[PDB]
Amino acid sequence: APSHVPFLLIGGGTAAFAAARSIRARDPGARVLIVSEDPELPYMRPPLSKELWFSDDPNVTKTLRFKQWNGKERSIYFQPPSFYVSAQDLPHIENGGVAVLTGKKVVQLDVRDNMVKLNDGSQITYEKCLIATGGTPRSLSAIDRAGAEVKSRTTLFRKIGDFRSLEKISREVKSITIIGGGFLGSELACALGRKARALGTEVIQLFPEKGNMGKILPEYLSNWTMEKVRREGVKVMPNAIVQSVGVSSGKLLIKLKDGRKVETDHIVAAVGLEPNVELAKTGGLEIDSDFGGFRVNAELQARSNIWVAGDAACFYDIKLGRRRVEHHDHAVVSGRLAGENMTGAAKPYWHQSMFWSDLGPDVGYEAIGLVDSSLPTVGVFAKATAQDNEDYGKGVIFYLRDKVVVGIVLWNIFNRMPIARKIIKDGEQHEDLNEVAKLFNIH
Amino acid sequence: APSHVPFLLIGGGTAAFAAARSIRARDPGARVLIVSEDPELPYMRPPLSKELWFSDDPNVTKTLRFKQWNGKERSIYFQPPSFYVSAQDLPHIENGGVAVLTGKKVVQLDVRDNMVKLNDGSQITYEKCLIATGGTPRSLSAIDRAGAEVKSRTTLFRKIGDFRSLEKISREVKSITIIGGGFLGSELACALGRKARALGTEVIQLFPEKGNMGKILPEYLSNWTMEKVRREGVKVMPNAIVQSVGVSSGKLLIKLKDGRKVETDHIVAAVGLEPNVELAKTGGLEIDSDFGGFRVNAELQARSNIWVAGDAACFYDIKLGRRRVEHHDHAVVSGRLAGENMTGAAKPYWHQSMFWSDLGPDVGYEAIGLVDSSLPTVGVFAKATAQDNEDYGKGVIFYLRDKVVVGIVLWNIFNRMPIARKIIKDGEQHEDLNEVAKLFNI
Ligand SMILES: Cc1cc2nc3c(=O)[nH]c(=O)nc-3n(C[C@H](O)[C@H](O)[C@H](O)COP(=O)(O)OP(=O)(O)OC[C@H]3O[C@@H](n4cnc5c(N)ncnc54)[C@H](O)[C@@H]3O)c2cc1C
Ligand SMILES: Cc1cc2nc3c(=O)[nH]c(=O)nc-3n(C[C@H](O)[C@H](O)[C@H](O)COP(=O)(O)OP(=O)(O)OC[C@H]3O[C@@H](n4cnc5c(N)ncnc54)[C@H](O)[C@@H]3O)c2cc1C
Ligand SMILES: NC(=O)c1ccc[n+]([C@@H]2O[C@H](COP(=O)([O-])OP(=O)(O)OC[C@H]3O[C@@H](n4cnc5c(N)ncnc54)[C@H](O)[C@@H]3O)[C@@H](O)[C@H]2O)c1
Ligand SMILES: NC(=O)c1ccc[n+]([C@@H]2O[C@H](COP(=O)([O-])OP(=O)(O)OC[C@H]3O[C@@H](n4cnc5c(N)ncnc54)[C@H](O)[C@@H]3O)[C@@H](O)[C@H]2O)c1
């Protein structure tokens with residue numbers, strides 16, 4: 001570890017890599033260090049839930065390569081190891097370069113001293129710092145209250161090791177349970193159902209909502225998505241609240257708060273993510289209370305020489321207000337912006353970030369802005385229509401704050417993202433939405 | 001007037017003057033422009049309610065001079081007019097200077113181009129900017145729902161013009177009624193009661209709590225302060241919720257919720273302060289929701305080249321969380337810090353700020369930290385009365401968050417600020433608040 005670096009990037013993930021590329025682009029000859037707790041080079045997580053599961057290659061868990069939108073095979077890793085220079089070489093190599101320090105954890109942050117302390121005891125002084133620590137999966141209360149053997153048969157799905165372990169388990173066990181109905185739980189349910197269709201094993205999804213992804217989509221769309229997920233070979237059990245999890249004859253037993261009971265062999269828990277804010281206690285950094293994570297301004301700035309990007313950043317969007325987004329594209333855009341601002345720009349967060357999803361062949365969408373179930377929605381579909389506050393195969397769902405669009409879900413329509421982005425950018429008063437819904441040309 | 005200014009300070013008051021002084025101290029040769037909507041040069045407010053009333057000099061309204069703790073007469077203004085340079089003279093002068101552009105209001109703030117627009121259409125481009133606007137007095141629903149005649153007879157007390165108007169009114173009218181029982185209301189009640197006792201007129205105070213300063217002091221000290229204010233010649237009416245204000249035979253009449261009716265011919269309204277945050281709408285600046293005002297960090301910074309100081313800043317205290325202090329000492333300290341940080345330092349707010357108050361001769365106190373009656377309270381007096389949330393001439397009050405001292409009120413003891421400041425600095429847990437009050441000479 002070098003004793004001083006011009007640019008420090010805490011956490012090795014999407015945001016840190018994007019920031020390193022921006023810093024290198026704007027300031028040629030910059031010398032960037034990335035301190036990562038994972039023993040791996042930066043990689044993208046989205047393939048860990050969809051693409052690596054549908055790969056035809058048998059030995060994919062060891063290879064980690066997949067086909068793209070075009071179909072050209074690529075790796076999850078952002079860059080090959082030859083791209084990164086050694087940390088010791090970093091302050092000596094010509095025109096700089098990015099170096100990655102893997103297996104290291106920053107445990108202390110002295111803002112005034114412009115210093116951090118690693119887990120092994122090494123101390124690194126910086127000129128500019130980015131905190132791009134992400135989040136960690138939340139555990140279940142009933143699972144925690146159970147014994148050690150119950151926790152041994154539970155899985156939290158974030159990293160590559162989780163993907164490999166879950167793939168081997170699905171190959172070797174007879175039934176797996178998914179708890180949670182958000183993004184990760186639903187995608188895992190679809191992938192595991194696809195894998196289990198061949199042999200004929202059982203996969204179960206149970207959660208306390210009315211349907212799949214009930215915090216994002218309206219009720220009717222949630223029920224439609226639930227039915228589509230059931231069509232993939234998954235037994236979905238909505239409105240289920242876990243009371244206790246136990247052991248019976250070598251199989252774990254789920255006793256719900258209701259009268260229903262479930263007996264299976266393995267549990268996958270996808271019950272949310274919480275940001276890593278253990279570093280704020282020693283850094284004297286403010287933690288947001290409404291959203292969680294570090295609190296930063298419109299330029300993602302926490303202190304004089306400290307920026308925060310990614311999932312842990314509770315930033316201030318000027319158009320939409322205080323936010324905290326947890327998505328791949330937001331991590332890329334936010335890291336790019338923080339890298340621009342670390343070299344000397346003063347740009348606020350302006351370009352909006354989107355996200356995408358695919359819950360099987362039938363369901364596939366992209367969304368932008370503020371998308372939430374509590375906010376008023378206007379669903380203009382094809383062959384159907386519904387507004388809140390049957391053939392829902394195609395359509396657009398506007399989200400309105402005060403007669404103004406703040407988020408758009410584009411349901412099974414493609415190459416119509418710029419229209420939605422321009423609608424969000426203009427931010428006009430919209431008392432009528434069928435006049436604008438024709439721009440996407442749903443029919 | 002100049003097209004480009006290195007250092008712009010929006011709003012000229014206590015914080016702006018302190019910031020200009022810090023800028024000049026750290027960076028000799030600087031060129032500071034102060035844009036103020038007032039027609040006057042910066043002055044200090046605290047003597048506008050206490051010192052200028054007790055002066056024996058007849059024409060203090062014009063001189064605006066008063067005596068102090070040392071006893072040396074000084075002006076209400078921070079500096080004499082010769083100290084400042086002209087606005088057109090600022091760009092080209094050896095070692096620069098400070099120029100105040102009085103009577104001009106900043107109406108638009110464009111952070112993208114680093115340019116502001118004044119109310120006369122002139123544009124000024126800045127390199128660093130400070131927003132040191134203050135607050136404006138809050139009005140009353142009963143007053144605002146009334147007619148123009150009732151509005152013309154009520155007073156909101158912030159500036160020098162209000163002080164002159166109220167002094168003339170006190171010399172003229174027979175009865176004065178004061179709404180509000182916080183700091184300003186109690187101080188004006190004491191001053192006008194002294195003047196009335198000197199003359200022989202009537203002064204009345206009404207507020208919706210059970211005692212004076214019930215949002216700062218505990219209940220028993222609130223009752224004690226209410227009694228002591230009554231001894232000053234002021235008829236105090238606690239628990240008076242105002243319903244409507246009207247006129248009857250050329251005299252104002254107040255009808256309260258409980259049924260009491262009070263007649264008078266002038267009203268002084270002092271019911272709080274609302275921060276000036278109209279610049280945030282056009283500047284893309286974030287306004288705090290819990291406390292109000294511009295939301296800044298521990299370094300009092302809002303954007304890349306923008307700092308906020310004074311009563312309008314909702315800053316983050318590392319040791320005490322989110323705060324918004326509205327006091328003269330805090331304005332001085334925060335303006336000083338923001339002026340230092342505009343020149344290159346990155347110092348967070350660490351030095352605490354205190355506040356004092358004198359309510360007659362018997363009651364005089366100082367306070368520091370988080371002082372609020374909502375927090376659990378332990379008071380050490382001649383008889384040790386601990387509050388759960390006799391003679392109380394002298395004592396100390398500790399305010400607790402959870403077994404930790406966050407604010408201390410010093411009751412009729414002086415030259416003991418450093419002890420309380422040191423106690424608050426190292427906020428370690430205490431088994432009981434006693435044996436700590438021994439540090440103060442009770
Ligand atoms: C299985 C899966 C599938 C996903 N699919 C999608 C998708 O299809 N679309 C989408 O938009 N989003 C998707 N996401 C979300 C997206 O991947 C995340 O939002 C994104 O990875 C967040 O990037 P980040 O850099 O903020 O955090 P992360 O990617 O979590 O990186 C955080 C890194 O920082 C390290 N770290 C933390 N604390 C410290 C410390 N103190 N010291 C050192 N290192 C530290 C961690 O170990 C980790 O390596 C998916 C996520 C998962 C898990
Ligand atoms: C009568 C009175 C007595 C007080 N007594 C005490 C006391 O005994 N002890 C104590 O601790 N505190 C006391 N205070 C409180 C203390 O005086 C204030 O908290 C302090 O003055 C706040 O300073 P500031 O610089 O933030 O605001 P201010 O002093 O209000 O300065 C704001 C200035 O900015 C100007 N401005 C506003 N908007 C704009 C704009 N858009 N463009 C240009 N200029 C603008 C305003 O006109 C004003 O000149 C008293 C206050 C009053 C009114
Ligand atoms: N396609 C995508 O964009 C995508 C895909 C995968 C993951 N992700 C990200 O991964 C992260 C983690 O995913 P996640 O799905 O775990 O997050 P999430 O926030 O979607 O998970 C919350 C889900 O768990 C349920 N839940 C909450 N508490 C519960 C409890 N006590 N018992 C049972 N159910 C409970 C909620 O009602 C909801 O269904 C998120 O940041 C998410 O955005 C995104
Ligand atoms: N000694 C000092 O520190 C001092 C002295 C004077 C002024 N100041 C400052 O001057 C500013 C103005 O003082 P203030 O006394 O107006 O503010 P304040 O916030 O102290 O006033 C609160 C008082 O107004 C009362 N009130 C609120 N709403 C009311 C309503 N609808 N009807 C009746 N009463 C109502 C409250 O009950 C309380 O008695 C404050 O910022 C204060 O800090 C400080």
# chains A, B, ... in the order shown; residues from 1 in each chain; ligands from 1

call {"tool": "residues_near_ligand", "arguments": {"ligand": "ligand 1", "cutoff": "7 Å", "atoms": "only C-alpha atoms and all ligand atoms", "output": "short mmCIF file (atom, residue, chain, number, x, y, z; two decimals) with C-alpha atoms, in the first residue's frame"}}
result
data_model
loop_
_atom_site.label_atom_id
_atom_site.label_comp_id
_atom_site.auth_asym_id
_atom_site.auth_seq_id
_atom_site.Cartn_x
_atom_site.Cartn_y
_atom_site.Cartn_z
CA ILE A 10 -13.17 3.27 -1.05
CA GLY A 11 -15.03 0.13 -2.11
CA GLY A 12 -14.54 -1.73 -5.36
CA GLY A 13 -17.73 -1.90 -7.38
CA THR A 14 -19.64 -0.19 -10.14
CA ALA A 15 -19.35 3.38 -8.85
CA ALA A 16 -15.64 3.16 -8.03
CA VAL A 35 -9.39 -0.21 -1.91
CA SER A 36 -11.84 -3.11 -2.13
CA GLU A 37 -13.03 -5.45 0.61
CA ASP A 38 -13.89 -8.16 -1.93
CA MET A 44 -21.07 -6.15 -12.67
CA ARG A 45 -23.78 -7.84 -10.57
CA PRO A 46 -26.73 -7.81 -13.05
CA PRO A 47 -25.46 -10.96 -14.84
CA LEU A 48 -25.46 -12.84 -11.50
CA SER A 49 -29.28 -12.99 -11.55
CA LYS A 104 -8.51 -4.64 2.31
CA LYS A 105 -11.13 -2.88 4.44
CA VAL A 106 -11.12 0.79 5.43
CA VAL A 107 -12.14 0.82 9.09
CA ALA A 132 -18.51 4.10 -2.91
CA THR A 133 -19.33 1.44 -0.34
CA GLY A 134 -22.54 -0.23 -1.38
CA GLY A 135 -25.00 -2.12 0.77
CA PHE A 157 -27.51 -13.30 -2.44
CA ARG A 158 -25.08 -10.47 -3.22
CA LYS A 159 -21.70 -11.73 -4.46
CA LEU A 184 -33.79 -9.88 -6.49
CA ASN A 276 -22.80 0.43 4.63
CA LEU A 279 -17.54 4.52 8.40
CA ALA A 309 -21.52 7.89 -5.01
CA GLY A 310 -23.54 4.74 -5.57
CA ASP A 311 -26.05 2.96 -3.36
CA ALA A 312 -24.94 4.57 -0.09
CA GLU A 326 -29.82 1.51 -5.75
CA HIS A 327 -29.33 0.50 -9.38
CA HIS A 328 -26.53 -0.32 -11.80
CA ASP A 329 -27.02 2.65 -14.12
CA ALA A 331 -24.02 3.69 -9.83
CA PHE A 355 -33.13 0.83 -14.57
CA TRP A 356 -34.34 -2.28 -16.36
CA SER A 357 -35.82 -5.65 -15.50
#

call {"tool": "interface_residues", "arguments": {"of": "chain B", "to": "chain A", "cutoff": "7 Å", "atoms": "only C-alpha atoms", "output": "list in words"}}
result
residues 284, 304, 318 and 346 of chain B

call {"tool": "select_by_dssp", "arguments": {"residues": "region 53-211 of chain A", "states": "helix (DSSP H, G or I)", "output": "ChimeraX atom specification"}}
result
/A:60-63,81-83,141-145,148-152,160-172,183-199

call {"tool": "residues_near_ligand", "arguments": {"ligand": "ligand 3", "cutoff": "8 Å", "atoms": "only C-alpha atoms and all ligand atoms", "output": "PyMOL selection string"}}
result
chain A and resi 46+49+135+137-138+140-141+158+179-187+206-209+212-215+240-242+269-273+311+325-328+355-358

call {"tool": "residues_around", "arguments": {"residues": "residue 232 (chain A)", "least_positions_apart": "3", "cutoff": "10 Å", "atoms": "only C-alpha atoms", "output": "list in words"}}
result
residues 189, 190, 191, 192, 193, 194, 196, 197, 227, 228, 229, 235, 359, 360, 361 and 362 of chain A

call {"tool": "write_last_selection", "arguments": {"atoms": "N, CA and C atoms", "output": "short mmCIF file (atom, residue, chain, number, x, y, z; two decimals), in the first residue's frame"}}
result
data_model
loop_
_atom_site.label_atom_id
_atom_site.label_comp_id
_atom_site.auth_asym_id
_atom_site.auth_seq_id
_atom_site.Cartn_x
_atom_site.Cartn_y
_atom_site.Cartn_z
N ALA A 189 -36.42 -16.24 -8.33
CA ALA A 189 -37.52 -17.19 -8.50
C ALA A 189 -37.67 -17.60 -9.95
N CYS A 190 -37.62 -16.64 -10.88
CA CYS A 190 -37.73 -16.98 -12.29
C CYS A 190 -36.58 -17.86 -12.75
N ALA A 191 -35.34 -17.51 -12.37
CA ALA A 191 -34.19 -18.29 -12.82
C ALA A 191 -34.22 -19.71 -12.25
N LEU A 192 -34.55 -19.84 -10.97
CA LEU A 192 -34.59 -21.15 -10.34
C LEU A 192 -35.73 -21.99 -10.89
N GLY A 193 -36.87 -21.36 -11.21
CA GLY A 193 -37.94 -22.09 -11.85
C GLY A 193 -37.56 -22.59 -13.23
N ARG A 194 -36.85 -21.76 -13.99
CA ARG A 194 -36.36 -22.20 -15.30
C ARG A 194 -35.42 -23.39 -15.16
N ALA A 196 -35.33 -25.55 -12.66
CA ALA A 196 -36.05 -26.69 -12.09
C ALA A 196 -37.07 -27.28 -13.04
N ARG A 197 -37.43 -26.56 -14.11
CA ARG A 197 -38.37 -27.11 -15.08
C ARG A 197 -37.86 -28.40 -15.69
N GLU A 227 -49.02 -13.62 -11.79
CA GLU A 227 -49.51 -14.70 -12.63
C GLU A 227 -48.46 -15.11 -13.66
N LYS A 228 -47.77 -14.14 -14.26
CA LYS A 228 -46.72 -14.47 -15.22
C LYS A 228 -45.59 -15.25 -14.57
N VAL A 229 -45.22 -14.88 -13.34
CA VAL A 229 -44.18 -15.61 -12.62
C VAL A 229 -44.64 -17.03 -12.32
N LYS A 235 -44.41 -21.66 -7.42
CA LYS A 235 -45.57 -21.56 -6.55
C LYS A 235 -45.44 -20.29 -5.71
N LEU A 359 -38.54 -10.22 -15.94
CA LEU A 359 -39.07 -11.31 -15.13
C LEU A 359 -39.65 -12.39 -16.04
N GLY A 360 -38.75 -13.05 -16.76
CA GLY A 360 -39.14 -14.04 -17.74
C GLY A 360 -39.35 -13.44 -19.12
N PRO A 361 -39.61 -14.30 -20.10
CA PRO A 361 -39.77 -13.82 -21.48
C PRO A 361 -40.91 -12.83 -21.67
N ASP A 362 -42.00 -12.97 -20.90
CA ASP A 362 -43.17 -12.14 -21.14
C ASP A 362 -43.01 -10.75 -20.52
#

call {"tool": "residues_near_ligand", "arguments": {"ligand": "ligand 2", "cutoff": "7 Å", "atoms": "only C-alpha atoms and all ligand atoms", "output": "ChimeraX atom specification"}}
result
/B:10-16,35-38,44-49,104-107,132-135,157-159,184,276,279,309-312,326-329,331,355-357

call {"tool": "atom_distance", "arguments": {"atom1": "CA of residue 335 (chain B)", "atom2": "atom 15 (O, counted along the ligand's line) of ligand 4"}}
result
22.4 Å

call {"tool": "residues_near_ligand", "arguments": {"ligand": "ligand 4", "cutoff": "7 Å", "atoms": "only C-alpha atoms and all ligand atoms", "output": "PDB file with C-alpha atoms, in the first residue's frame"}}
result
ATOM      1  CA  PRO B  46     -29.029  43.497  20.983  1.00  0.00           C
ATOM      2  CA  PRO B 137     -40.652  38.617  12.238  1.00  0.00           C
ATOM      3  CA  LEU B 140     -50.189  36.691  13.883  1.00  0.00           C
ATOM      4  CA  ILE B 179     -47.912  39.431  22.465  1.00  0.00           C
ATOM      5  CA  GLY B 180     -45.307  36.714  22.881  1.00  0.00           C
ATOM      6  CA  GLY B 181     -43.468  35.413  25.911  1.00  0.00           C
ATOM      7  CA  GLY B 182     -40.079  34.418  24.552  1.00  0.00           C
ATOM      8  CA  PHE B 183     -36.900  36.495  24.523  1.00  0.00           C
ATOM      9  CA  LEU B 184     -37.982  39.648  22.703  1.00  0.00           C
ATOM     10  CA  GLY B 185     -41.402  39.839  24.334  1.00  0.00           C
ATOM     11  CA  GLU B 187     -37.210  42.078  27.226  1.00  0.00           C
ATOM     12  CA  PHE B 207     -48.730  34.583  25.888  1.00  0.00           C
ATOM     13  CA  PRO B 208     -50.163  31.047  25.576  1.00  0.00           C
ATOM     14  CA  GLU B 209     -47.848  29.283  28.064  1.00  0.00           C
ATOM     15  CA  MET B 213     -39.828  31.648  28.537  1.00  0.00           C
ATOM     16  CA  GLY B 214     -41.570  28.304  28.939  1.00  0.00           C
ATOM     17  CA  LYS B 215     -39.835  26.911  25.843  1.00  0.00           C
ATOM     18  CA  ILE B 241     -54.777  32.312  23.054  1.00  0.00           C
ATOM     19  CA  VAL B 242     -55.647  35.211  20.751  1.00  0.00           C
ATOM     20  CA  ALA B 270     -42.981  39.165  19.024  1.00  0.00           C
ATOM     21  CA  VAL B 271     -43.931  35.593  18.170  1.00  0.00           C
ATOM     22  CA  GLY B 272     -40.865  34.212  16.408  1.00  0.00           C
ATOM     23  CA  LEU B 273     -38.631  34.599  13.384  1.00  0.00           C
ATOM     24  CA  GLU B 326     -30.654  32.433  16.082  1.00  0.00           C
ATOM     25  CA  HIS B 327     -28.460  34.554  18.336  1.00  0.00           C
ATOM     26  CA  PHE B 355     -26.396  33.573  24.491  1.00  0.00           C
ATOM     27  CA  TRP B 356     -27.301  35.878  27.372  1.00  0.00           C
ATOM     28  CA  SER B 357     -30.455  37.586  28.586  1.00  0.00           C
ATOM     29  CA  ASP B 358     -31.267  40.173  31.258  1.00  0.00           C
TER      30      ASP B 358
END

call {"tool": "residues_around", "arguments": {"residues": "region 294-296 of chain B", "least_positions_apart": "5", "cutoff": "6 Å", "atoms": "only C-alpha atoms", "output": "list in words"}}
result
residues 286, 287, 288, 301, 302, 313, 314 and 315 of chain B

call {"tool": "write_last_selection", "arguments": {"atoms": "N, CA and C atoms", "output": "short mmCIF file (atom, residue, chain, number, x, y, z; two decimals), in the first residue's frame"}}
result
data_model
loop_
_atom_site.label_atom_id
_atom_site.label_comp_id
_atom_site.auth_asym_id
_atom_site.auth_seq_id
_atom_site.Cartn_x
_atom_site.Cartn_y
_atom_site.Cartn_z
N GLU B 286 -31.23 23.81 -1.35
CA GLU B 286 -32.12 22.95 -0.59
C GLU B 286 -32.49 23.60 0.73
N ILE B 287 -33.78 23.57 1.06
CA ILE B 287 -34.32 24.16 2.28
C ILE B 287 -34.61 23.04 3.26
N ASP B 288 -34.16 23.20 4.50
CA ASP B 288 -34.42 22.20 5.53
C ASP B 288 -35.89 22.20 5.93
N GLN B 301 -21.38 25.02 4.14
CA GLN B 301 -21.31 25.13 2.69
C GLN B 301 -22.53 24.51 2.05
N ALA B 302 -23.08 25.19 1.05
CA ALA B 302 -24.25 24.71 0.32
C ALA B 302 -23.93 24.17 -1.06
N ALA B 313 -29.03 29.58 8.52
CA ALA B 313 -28.27 28.37 8.25
C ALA B 313 -28.74 27.25 9.17
N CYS B 314 -29.17 26.14 8.59
CA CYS B 314 -29.45 24.92 9.33
C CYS B 314 -28.25 23.99 9.13
N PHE B 315 -27.25 24.15 9.98
CA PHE B 315 -25.99 23.44 9.84
C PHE B 315 -26.00 22.14 10.63
#

call {"tool": "residues_around", "arguments": {"residues": "residue 342 (chain A)", "least_positions_apart": "3", "cutoff": "9 Å", "atoms": "only C-alpha atoms", "output": "JSON, numbers by chain"}}
result
{"A": [7, 19, 23, 128, 129, 130, 305, 306, 307, 337, 338, 339, 345, 346]}

call {"tool": "select_by_dssp", "arguments": {"residues": "region 88-324 of chain B", "states": "strand (DSSP E or B)", "output": "JSON, numbers by chain"}}
result
{"B": [97, 98, 99, 100, 101, 102, 106, 107, 108, 109, 110, 115, 116, 117, 118, 123, 124, 125, 126, 127, 128, 129, 130, 131, 135, 136, 137, 154, 155, 156, 175, 176, 177, 178, 179, 202, 203, 204, 205, 206, 207, 235, 236, 237, 238, 242, 243, 244, 245, 246, 247, 248, 251, 252, 253, 254, 255, 256, 261, 262, 263, 264, 267, 268, 269, 273, 274, 275, 287, 294, 295, 301, 302, 303, 306, 307, 308, 313, 314, 316, 317, 321, 322]}

call {"tool": "residues_around", "arguments": {"residues": "residue 95 (chain A)", "least_positions_apart": "3", "cutoff": "7 Å", "atoms": "only C-alpha atoms", "output": "number ranges by chain"}}
result
A: 28-30

call {"tool": "residues_around", "arguments": {"residues": "residue 267 (chain A)", "least_positions_apart": "2", "cutoff": "7 Å", "atoms": "only C-alpha atoms", "output": "PyMOL selection string"}}
result
chain A and resi 153-155+176-178+269

call {"tool": "write_last_selection", "arguments": {"atoms": "N, CA and C atoms", "output": "PDB file, in the first residue's frame"}}
result
ATOM      1  N   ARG A 153     -28.538 -23.163   6.439  1.00  0.00           N
ATOM      2  CA  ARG A 153     -29.339 -23.466   5.263  1.00  0.00           C
ATOM      3  C   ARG A 153     -29.998 -22.231   4.663  1.00  0.00           C
ATOM      4  N   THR A 154     -29.640 -21.041   5.130  1.00  0.00           N
ATOM      5  CA  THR A 154     -30.128 -19.790   4.572  1.00  0.00           C
ATOM      6  C   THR A 154     -29.058 -19.154   3.691  1.00  0.00           C
ATOM      7  N   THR A 155     -29.507 -18.410   2.681  1.00  0.00           N
ATOM      8  CA  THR A 155     -28.614 -17.750   1.739  1.00  0.00           C
ATOM      9  C   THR A 155     -28.982 -16.280   1.609  1.00  0.00           C
ATOM     10  N   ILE A 176     -36.312 -25.411  -2.934  1.00  0.00           N
ATOM     11  CA  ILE A 176     -35.753 -24.158  -2.438  1.00  0.00           C
ATOM     12  C   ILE A 176     -36.884 -23.160  -2.250  1.00  0.00           C
ATOM     13  N   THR A 177     -36.795 -22.366  -1.187  1.00  0.00           N
ATOM     14  CA  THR A 177     -37.786 -21.347  -0.868  1.00  0.00           C
ATOM     15  C   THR A 177     -37.173 -19.967  -1.041  1.00  0.00           C
ATOM     16  N   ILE A 178     -37.893 -19.082  -1.716  1.00  0.00           N
ATOM     17  CA  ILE A 178     -37.529 -17.676  -1.802  1.00  0.00           C
ATOM     18  C   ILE A 178     -38.454 -16.893  -0.886  1.00  0.00           C
ATOM     19  N   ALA A 269     -33.167 -15.740   1.174  1.00  0.00           N
ATOM     20  CA  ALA A 269     -33.797 -14.545   1.720  1.00  0.00           C
ATOM     21  C   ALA A 269     -33.395 -13.341   0.882  1.00  0.00           C
TER      22      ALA A 269
END

call {"tool": "closest_residue", "arguments": {"among": "A:255, A:77, A:400, A:3", "to": "residue 124 (chain A)", "atoms": "only C-alpha atoms"}}
result
A:3

call {"tool": "closest_residue", "arguments": {"among": "B:109, B:189, B:253, B:320", "to": "residue 280 (chain B)", "atoms": "only C-alpha atoms"}}
result
B:109

call {"tool": "closest_residue", "arguments": {"among": "A:263, A:51, A:288, A:402", "to": "residue 248 (chain A)", "atoms": "only C-alpha atoms"}}
result
A:263

call {"tool": "atom_distance", "arguments": {"atom1": "CA of residue 253 (chain A)", "atom2": "CA of residue 236 (chain A)"}}
result
17.2 Å
